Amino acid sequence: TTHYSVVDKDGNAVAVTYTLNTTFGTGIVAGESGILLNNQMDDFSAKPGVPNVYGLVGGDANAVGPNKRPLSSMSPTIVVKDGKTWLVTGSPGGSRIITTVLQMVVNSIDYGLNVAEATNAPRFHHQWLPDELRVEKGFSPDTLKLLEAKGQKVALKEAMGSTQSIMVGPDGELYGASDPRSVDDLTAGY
């Protein structure tokens, strides 16, 4: 999955998240078309109560069906401040997309972090099942100790997401941030 954001000189904004699902999808090119084929079907619930590649589960609602669109977690998002487009964000990450974007919004609104600060801050995640509080490297040992005392089952795992965001200033000025988790990416303007 990959997400990108755009804001033009007139103030129009677009947030796009698209994907083949896993990296390179099936890894299958369609004949001589040079086009790689997705493996999005794994986003359906193959059997009630059994998890998919992201640990997500389902039942009737997200069951496989002809012509049906498999449930996604993709969250291209725009936040409005004072009636104007303020934050344009999104991110890849399967089940983690929801919490990654959620954190960008919280970091921006509740903690008043600038777009780069919100982007470089560490991320955590809990998706109910599995029952574990997933965290990236970056949280204080004092904090993780308190979480464990509260009953959380802390699990240190791989970095989560690749946010590509743009914040719009009250004067039209643009502020952007690519993710430290993704090398060779870029936020640029004019």
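From 1 onward, residues are counted along the sequence shown.
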Entry-level comparison of average CA B-factors, 44-52 and 150-158, reporting the higher stretch: 150-158
For the higher mean C-alpha B factor in the entry, choose 160-168 or 134-142. 134-142
Which third of the chain does residue 70 land in by C-alpha B-factor: lowest, middle or highest? lowest
In terms of the CA temperature factor given in the entry, to which third of its chain does residue 174 belong: lowest, middle or highest? highest
Could you say whether, by C-alpha temperature factor, residue 84 belongs to the lowest, middle or highest third of its chain? highest
